[PDB]
20 protein chains.
Amino acid sequence: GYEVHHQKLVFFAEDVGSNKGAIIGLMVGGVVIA
Amino acid sequence: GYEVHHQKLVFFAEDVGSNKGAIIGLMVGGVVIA
Amino acid sequence: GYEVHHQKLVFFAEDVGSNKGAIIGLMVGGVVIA
Amino acid sequence: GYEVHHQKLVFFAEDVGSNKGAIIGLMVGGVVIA
Amino acid sequence: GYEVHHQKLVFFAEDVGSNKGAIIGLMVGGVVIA
Amino acid sequence: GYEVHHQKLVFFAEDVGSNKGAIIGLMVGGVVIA
Amino acid sequence: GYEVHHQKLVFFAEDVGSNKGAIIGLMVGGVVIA
Amino acid sequence: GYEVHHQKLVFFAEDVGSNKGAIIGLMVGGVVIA
Amino acid sequence: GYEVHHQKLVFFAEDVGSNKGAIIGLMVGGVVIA
Amino acid sequence: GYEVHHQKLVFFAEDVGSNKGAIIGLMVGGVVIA
Amino acid sequence: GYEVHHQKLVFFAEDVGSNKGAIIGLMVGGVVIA
Amino acid sequence: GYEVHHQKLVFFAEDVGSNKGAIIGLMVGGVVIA
Amino acid sequence: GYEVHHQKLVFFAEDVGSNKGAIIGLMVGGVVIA
Amino acid sequence: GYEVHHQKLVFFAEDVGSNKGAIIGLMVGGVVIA
Amino acid sequence: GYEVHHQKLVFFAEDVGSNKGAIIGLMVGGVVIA
Amino acid sequence: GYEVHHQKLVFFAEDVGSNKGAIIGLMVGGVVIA
Amino acid sequence: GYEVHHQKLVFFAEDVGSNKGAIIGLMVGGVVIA
Amino acid sequence: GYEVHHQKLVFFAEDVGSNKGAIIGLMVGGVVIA
Amino acid sequence: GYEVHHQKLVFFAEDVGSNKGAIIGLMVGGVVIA
Amino acid sequence: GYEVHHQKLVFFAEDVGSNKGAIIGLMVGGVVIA
């Protein structure tokens with residue numbers, strides 16, 4: 001008798017507001033200018 | 001008797017607001033200007 | 001008799017406000033200017 | 001009889017306010033200017 | 001009879017206010033100017 | 001003058017050996033028996 | 001003048017040997033038997 | 001003049017040997033039997 | 001003039017030997033039997 | 001003129017030997033039996 | 001013998017760059033949100 | 001014999017850079033949020 | 001014999017850089033938040 | 001014989017750098033928050 | 001024979017650097033928070 | 001909740017009396033004889 | 001809750017009496033004879 | 001809770017009497033004879 | 001709770017009497033004869 | 001709880017009497033004859 005329930009994973013966000021700049025969830029590499 | 005329920009994975013967002021700039025979920029690499 | 005429930009993982013945020021600058025969840029490497 | 005419930009892990013934040021500068025959850029390395 | 005409940009881990013913050021400067025959760029290394 | 005090069009991302013593996021059991025890269029949820 | 005190079009990210013492995021049991025990279029939730 | 005190079009991130013392993021039991025990189029929750 | 005190089009991050013291991021039991025990198029919660 | 005180099009971070013191990021029992025890098029909570 | 005030449009009046013600007021926010025030359029009154 | 005030449009008046013600017021916020025040359029009154 | 005030349009008046013600026021906040025040349029009154 | 005030349009008046013600035021906060025040339029009155 | 005030349009008046013500045021706080025040239029009165 | 005009211009701007013006058021001579025509100029340049 | 005009211009700006013006058021001579025509000029340059 | 005009220009700015013005058021001569025509010029440059 | 005009120009600024013005058021000669025509020029430069 | 005009130009600034013005068021000669025509020029430079 002195994003019951004597993006209500007598990008959640010969020011990497012970056014659930015709610016992201018307005019953006020004028022730069023939003024990146026994940027990057028291996030590079031140059032970001034904002 | 002195995003019951004598994006209500007699991008969720010979100011990588012970047014559920015709700016993303018207005019965008020004037022740059023939004024990237026995932027990048028391996030590059031140049032981002034905003 | 002095993003019951004597992006209500007577990008949550010958040011890496012960066014649940015709620016992210018307005019952005020004029022640079023927001024990065026995870027980076028291996030690079031240059032960020034804001 | 002094993003019951004495990006209500007566990008949470010937050011790496012960076014739950015609520016992130018407005019951003020004009022640079023916010024990085026995790027970085028292996030680089031240069032950040034804000 | 002094992003019951004485990006209400007455990008929480010926060011690495012950086014739960015609530016992060018407005019940012020003009022540089023906020024980094026974790027870094028292995030680099031240069032940060034704010 | 002921006003140059004970005006040789007970035008790589010691997011999620012599960014580059015080289016997976018032989019399999020008699022069960023290998024899953026990513027699972028949101030379920031029951032796995034090997 | 002920006003140059004970014006040779007960054008790498010590995011989540012589970014680069015090289016996974018043989019498997020008779022169960023290997024899961026990422027799981028939000030469930031029951032795993034090996 | 002910015003140069004960033006040779007950064008690496010490994011979450012679970014680079015090299016995983018043989019498996020008769022259960023290996024999980026990341027789990028939000030559940031029941032694991034080996 | 002900024003130069004950043006050779007930074008590394010390892011969470012669980014670089015080299016994981018053979019497994020008859022249970023290995024978990026990160027767990028928010030649950031029941032683990034080996 | 002800034003130069004930063006050769007920084008390293010290890011959380012659980014670099015080299016993990018064989019396992020008959022239970023190894024967990026990080027746990028928020030639960031029941032572990034070996 | 002009267003000679004008048006090369007006179008210039010600029011109220012706001014000669015060159016205005018890119019705009020994501022609010023630019024107003026002159027206002028008697030009101031509410032401005034950017 | 002009257003000669004008048006090369007006179008200039010600038011009220012706000014000659015060159016205005018990029019704008020994410022609020023730029024107002026002149027205001028009699030109000031509320032400005034940026 | 002009257003000669004008048006090369007006179008300049010600048011009220012706020014000649015060159016204004018990038019703006020994320022609030023820039024006001026002149027105000028009689030109000031509330032400014034940045 | 002009257003010659004008048006090379007006169008300059010600057011009230012606030014000639015060169016204004018980047019702005020995240022609040023810059024006001026002149027105000028009769030009010031509330032400024034930055 | 002009257003010659004007048006090379007006169008300059010600066011009220012606040014010639015060069016103003018980056019601003020995160022509040023810069024006011026002149027104010028008759030009010031409340032300033034930075 | 002924002003309310004802005006009763007702001008006024010007058011450049012030259014509200015009430016100009018009789019004129020036998022020369023009245024000019026704004027002039028970039030020229031010769032004026034009265 | 002913001003309320004801004006009764007601000008006024010006058011450049012040259014509110015009430016200008018009779019004129020036999022020369023009245024100029026603003027001049028960038030020239031020759032004025034009364 | 002912000003309230004700003006009754007601010008006033010006058011540059012040259014509120015009330016200007018009769019004129020036989022020359023009245024100039026602001027001049028960048030020139031020759032004025034009365 | 002901020003309240004700002006009754007601030008006033010006068011540059012040249014509030015009340016200017018009759019003029020037979022020359023009155024100048026502000027001059028960057030020139031020749032003035034009365 | 002901030003309250004600021006009844007501040008005043010006068011540069012040249014509030015009340016200027018009749019003028020047969022030359023009155024200048026501010027001069028950067030020149031020749032003045034009365």
Side-chain angles (χ1 to χ4, degrees), chain K residues 1-16 25, chain L residues 1-16 25, chain M residues 1-16 25, chain N residues 1-15, chain O residues 1-10 14, chain P residues 11-12 22-34, chain Q residues 11-12 22-34, chain R residues 11 22-34, chain S residues 22 24-33, chain T residues 24 26-32:
Chain K
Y2 302 86
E3 187 181 358
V4 180
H5 59 106
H6 294 293
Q7 290 80 35
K8 183 169 184 173
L9 187 147
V10 178
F11 175 80
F12 182 78
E14 295 177 356
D15 292 352
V16 179
Chain L
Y2 303 86
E3 187 181 358
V4 180
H5 59 106
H6 294 293
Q7 290 80 35
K8 184 169 184 173
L9 187 147
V10 178
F11 175 80
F12 182 78
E14 295 177 356
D15 292 352
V16 179
Chain M
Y2 303 86
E3 187 181 358
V4 180
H5 59 106
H6 294 293
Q7 290 80 35
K8 184 169 184 173
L9 187 147
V10 178
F11 175 80
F12 182 78
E14 295 177 356
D15 292 352
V16 179
Chain N
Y2 303 86
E3 187 181 358
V4 180
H5 59 106
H6 294 293
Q7 290 80 35
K8 184 169 184 173
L9 187 147
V10 178
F11 175 80
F12 182 78
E14 295 177 356
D15 292 352
Chain O
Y2 303 86
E3 187 181 358
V4 180
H5 59 106
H6 294 293
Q7 290 80 35
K8 184 169 184 173
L9 187 147
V10 178
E14 295 177 356
Chain P
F11 176 77
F12 182 76
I23 300 171
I24 303 171
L26 184 147
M27 180 172 78
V28 175
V31 180
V32 179
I33 300 170
Chain Q
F11 176 77
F12 182 76
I23 300 171
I24 303 171
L26 184 147
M27 179 172 78
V28 175
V31 180
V32 179
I33 300 170
Chain R
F11 176 77
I23 300 171
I24 303 171
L26 184 147
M27 179 172 78
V28 175
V31 180
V32 179
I33 300 170
Chain S
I24 303 171
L26 184 147
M27 180 172 78
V28 175
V31 180
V32 179
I33 300 170
Chain T
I24 303 171
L26 184 147
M27 180 172 77
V28 175
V31 180
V32 179

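Here is how names work: the chains are called A, B, and so on, in the same order as the sequence lines, proteins then strands, and each is numbered from 1.
- Proximity of Q:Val32 to Q:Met27: side-chain heavy atoms (C-beta onward) are separated by under 4.5 Å at one or more points.
- By the 4.5 Å heavy-atom criterion applied to side chains, R:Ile33 and L:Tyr2 are counted as neighbours.
- When all heavy atoms of R:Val28 and L:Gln7 are compared, the closest pair comes out as CG1-CB, 4.0 Å.
- The minimum heavy-atom distance linking Q:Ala22 with Q:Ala34 is given by the pair N-CB, 3.8 Å.
- Ion pair N:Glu14/M:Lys8 not flagged as a salt bridge, since none of the NZ, NE, NH1 or NH2 atoms sits closer than 4.0 Å to an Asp/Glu carboxylate oxygen.
- Once rounded to the nearest 0.5 Å, the distance linking CD1 of R:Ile23 with CZ of Q:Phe12 reads 5.5 Å.
- Q:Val31 places a side-chain heavy atom less than 4.5 Å from the side chain of K:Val4.
- From Q:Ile24, atom CD1 reaches atom CG of R:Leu26 across 11.5 Å, with rounding to the nearest 0.5 Å.
- Pairing each heavy atom of L:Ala13 with each of M:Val16, the nearest pair is CB-CG2, 3.8 Å.
- For N:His6 and O:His5, the distance between ring centers is not under 6.0 angstrom.
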